[PDB]
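Read off the chains here:
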Protein chains: 2
Amino acid sequence: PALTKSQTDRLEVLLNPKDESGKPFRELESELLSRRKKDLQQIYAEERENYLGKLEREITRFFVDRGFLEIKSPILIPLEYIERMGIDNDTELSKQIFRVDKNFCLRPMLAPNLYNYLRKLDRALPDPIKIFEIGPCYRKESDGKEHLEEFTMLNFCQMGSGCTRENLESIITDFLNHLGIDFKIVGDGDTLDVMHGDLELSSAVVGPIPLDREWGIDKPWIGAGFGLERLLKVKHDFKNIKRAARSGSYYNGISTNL
Amino acid sequence: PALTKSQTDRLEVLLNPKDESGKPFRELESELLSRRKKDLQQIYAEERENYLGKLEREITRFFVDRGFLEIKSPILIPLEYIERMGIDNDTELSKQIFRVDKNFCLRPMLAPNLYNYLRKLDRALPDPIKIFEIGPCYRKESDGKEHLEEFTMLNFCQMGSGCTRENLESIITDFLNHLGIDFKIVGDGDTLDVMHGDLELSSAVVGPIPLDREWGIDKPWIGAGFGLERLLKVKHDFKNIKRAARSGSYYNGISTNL
Ligand SMILES: Nc1ncnc2c1ncn2[C@@H]1O[C@H](COP(=O)(O)OP(=O)(O)NP(=O)(O)O)[C@@H](O)[C@H]1O
Ligand SMILES: Nc1ncnc2c1ncn2[C@@H]1O[C@H](COP(=O)(O)OP(=O)(O)NP(=O)(O)O)[C@@H](O)[C@H]1O
Ligand SMILES: [Mg+2]
Ligand SMILES: [Mg+2]
Ligand SMILES: [Mg+2]
Ligand SMILES: [Mg+2]
């Protein structure tokens, strides 16, 4: 009569956060199976959009409408960028890098390429320079509950005039209130964290910082990186971040093993 | 007086396909520099959208509106998928794979994960099953004029009813006429190529094919893969595909080394 742990795990895979003892496993499972197939049928009949693609489109519109230039830069980057970011073997991230070939890696962050664009664009664009990128990033991780090895970052930045902590907090606040995500900014160049409960949604920086010089910067700047799968996890109340990932196993949080 | 080859290369970097002897290099270069900065200024002032992100959004809308479910699946995939696609050391692609770790690689195509979704979705969705994905793909290449090692694929597919060569050609035709790209379908399970002059835009398949069985398929299907950077190259008349790539060196076809 009591469900086994295995049976409970199985049912939890099929449980949407929205769902609301007695019946056997086969019955509980059968109920959940037809609910999930119905959810997928409804997606297919109406909207047809993937959550992660749709979030990316919504965030792009948010930033484009606020004067930020949309960037798409390489995902496979020179290994030299990692060192140049100050990620020496004395840091946590140095062990988390997926290397490709002798000279390349999968980007673990958007910073290097956005530094390069800020430098280059300063030669062409009026002050302030406002840019952002959304795209895949990669880190080896132990955790599986709040972490993915393949994830998606948003990074926005501004360089020149108006690069204040007040302006930075205001962008973050307008951003998260637009998405409808509850948050807290925590802090004391300047570095702050945007938290949902104990989940880190973003880390943000008020520059200048000494690293800028390695990238040829020399102007004040503000910026923040957010993980889109964490935003989805929070917004859709997914218990595990795997429901928000690029995946063959979940589609918009619905199990595909039906 | 005659421009050197180096000087000509430099000026060609700054030449947009749209542009229209006597003056020295410094003058020619200076003219082109202020034109390119002006192009970037105009992008920044008005639209702010990256070509590759914008093309992806336009193609997504095209397919979503035609009843295709939007998929986002992993870019880092099991190495076993490559073998399972029938890419043995007797093929060209086997040498083109970027391996990561012992067990992984960067996807060189979208097929494996879309096979997996067609199988899984058949258990939930009504006939026909219509899906697509747009995203990064990776192959080691010698060529640099029509090829990128980091590129972006669109793959759409349909499985079940209506999986005919006529329907396949019609989707392709409506698709490319929508984008405004000139093409020719060339062919004779069934395999056709969509060509722009001598440039291959797409390869398309009318299934079933014997490979399907390895992926648990067993239904008729149609599908095609297009490279988005080739579509941009053709549409914007870029002479080299690097102008259409994720890049620190070009933005919407405009040199960032100004
Ligand atoms: N492995 C991951 N999976 C999903 N999101 C991630 C992952 N790593 C980082 N992020 C997101 O990227 C944002 C900025 O990156 P960063 O500040 O470098 O992360 P971090 O400091 O390693 N955070 P954490 O590992 O939770 O302590 C983070 O706040 C997360 O939202
Ligand atoms: N390296 C690349 N760079 C840009 N686009 C590519 C690249 N490789 C493949 N594609 C695109 O993906 C589409 C389908 O992939 P596929 O049919 O496997 O390419 P292919 O047969 O290797 N074509 P090619 O190498 O030009 O002879 C191709 O028609 C191209 O539009
Ligand atoms: Mg971390
Ligand atoms: Mg952090
Ligand atoms: Mg090839
Ligand atoms: Mg081909």
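The residue numbers shown here are sequential, starting from 1 for each chain in the order of its written sequence. They can differ from the numbering used in the entry, and residues that have no coordinates are not displayed. Whichever chain is written first is A, and whichever ligand is written first is 1; the rest continue in order. Only hydrogens and water are set aside; all other atoms, that is, all heavy atoms of the structure, feed into the side-chain values.

## Looking at the site of ligand 2
Residue and element names in this part refer to chain B.
No. 1: Residues in close proximity to ligand 2 total 14 residues, the closest being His147, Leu148, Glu200, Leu201 and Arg230.
No. 2: N or O atoms closer than or at 3.5 Å make up a polar contact, with two conditions inside protein: a donor-capable atom paired with an acceptor-capable one, and, for residues adjacent in sequence, both atoms drawn from side chains. In this structure, an oxygen atom belonging to ligand 2 sits 2.7 Å away from a side-chain N or O atom of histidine 147.
No. 3: Residue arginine 230 places a side-chain N or O atom 2.8 Å away from an oxygen atom belonging to ligand 2.
No. 4: A total of 600 Å² of accessible area belongs to ligand 2 in isolation, and the protein chains cover 80% of it.
No. 5: Only runs of H or I of at least four residues qualify as helices and only runs of E of at least two qualify as strands under DSSP, and these elements are numbered from the N terminus. Of all the secondary structure elements, the ones that give two or more residues to the shell around ligand 2 are β6 (150-159), β9 (199-206) and β10 (221-227). Near is defined per residue: the residue qualifies when any heavy atom it owns lies within 4 Å of the molecule or strand. The accessible surface values rely on the Shrake-Rupley method and a 1.4 Å probe; as for residues, cover is taken only from the protein chains in view.

## Focus: the relation of the copies chain A and chain B
No. 1: The superposition method for the copies is least squares, with the C-alpha atoms as the fitted set. Mapping chain A onto chain B calls for a rotation angle of 180 degrees and an axial translation of 0.0 Å; the resulting RMSD is 0.0 Å. This pairing of chains is accounted for by a two-fold axis. Taking the C-alpha atom as reference, chain A places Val100(A) closest to the rotation axis, 3.0 Å from it.
No. 2: The contact criterion used is simple: two residues touch if any of their non-hydrogen atoms lie within 4.5 Å. In this assembly the copies share their binding face: 100% of the residues contributing to the interface of chain A also contribute to that of chain B.

## What to know about the state of the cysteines
All names here are of chain A.
No. 1: Only a pair of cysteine sulfur atoms within 2.5 Å counts as a disulfide in this structure description. One pass over the structure, following the stated rule, counts zero disulfides over all chains.
No. 2: Residue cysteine 105 stays outside any disulfide, its sulfur separated by 11 Å from that of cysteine 137, the closest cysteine.
No. 3: Here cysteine 163 stays unpaired: no disulfide links it, and the sulfur of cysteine 157, its closest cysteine neighbor, is 9.2 Å away.
No. 4: Judged by relative accessible area, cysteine 163 falls into the buried class, the value being 9%. Three exposure classes are used, based on accessible area relative to the maximum for each residue type with a 1.4 Å probe and protein chains only: buried under 20%, partly exposed in between, and exposed over 50%.

## Things to note about the pairing of β9(B)
Residue and element names in this part refer to chain B.
No. 1: Any two strands are treated as partners once DSSP identifies two or more bridges connecting them. Examined bridge by bridge, strand β8 (residues 191-196) and β9 share six bridges and lie antiparallel to one another. Note that in β9 the partner of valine 194 across the bridge is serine 202.
No. 2: The hairpin turn running from β8 into β9, its antiparallel successor, is two residues long, and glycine 197 in that turn takes a positive phi close to 60 degrees.
No. 3: The pairing of β9 with β10 spans five bridges and is antiparallel. Bridge assignment links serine 202 to a residue of β10, and that residue is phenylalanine 226.

## Digging into the site of ligand 1
Residues and elements named next belong to chain A.
No. 1: Around ligand 1 lies a shell of 14 residues, among which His147, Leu148, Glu200, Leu201 and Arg230 are the nearest.
No. 2: Separating an oxygen atom of ligand 1 from a side-chain N or O atom of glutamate 200 is a distance of 2.6 Å.
No. 3: The side chain of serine 203 places a nitrogen or oxygen atom 3.1 Å from an oxygen atom of ligand 1.
No. 4: Look at ligand 1: alone it shows 600 Å² of surface, and the protein chains cover 80% of it.
No. 5: Every element with two or more residues in the shell around ligand 1 is listed here: β6 (150-159), β9 (199-206) and β10 (221-227).
No. 6: When residues of the shell around ligand 1 are assigned to their parent elements, the largest contribution, four residues, is made by β9.
No. 7: Residue classes follow a fixed rule: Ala, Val, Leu, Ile, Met, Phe, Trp, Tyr, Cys and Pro count as nonpolar, while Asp, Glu, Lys and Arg count as charged, and any other residue, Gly among them, counts as polar. Of the residues contributing to the shell around ligand 1, the split by class is five nonpolar, five polar and four charged.

## Describing the domain arrangement of chain A
Residue and element names in this part refer to chain A.
No. 1: Domain ranges listed in this record stem from an automatic or a database domain assignment. Annotation of chain A at the domain level lists domain 1 (1-48) and domain 2 (49-258).
No. 2: Between domain 1 and domain 2, the C-alpha centre-to-centre distance is 34 Å.
No. 3: Contact with domain 1, which involves 15 residues of that partner, is made by 14 residues of domain 2.
No. 4: The contact between domain 1 and domain 2 buries some 1,100 Å² in all, and 59% of this surface belongs to carbon and sulfur atoms.
No. 5: Here's the idea: put two parts together, see how much 1.4 Å probe accessible area each one loses, and the total over both is what we call buried area. Of all residues in domain 1, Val13, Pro17 and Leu40 bury the most surface against domain 2, accounting for 38% of the area lost on that side.
No. 6: By salt bridge we mean one thing: a side-chain nitrogen of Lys or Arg within 4 Å of a carboxyl oxygen of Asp or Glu. Linking domain 1 with domain 2 are zero salt bridges, by the criterion used here.
No. 7: The interface formed by domain 1 and domain 2 holds six residue pairs in polar contact in total.
No. 8: The set of elements that each furnish at least two residues to the side of domain 1 that touches domain 2 consists of α1 (5-14) and α2 (25-45).
No. 9: Among the elements that make up the side of domain 1 that touches domain 2, the one with the highest residue count is α2 (six residues).
No. 10: Split into classes, the residues belonging to the side of domain 1 that touches domain 2 amount to seven nonpolar, one polar and seven charged.

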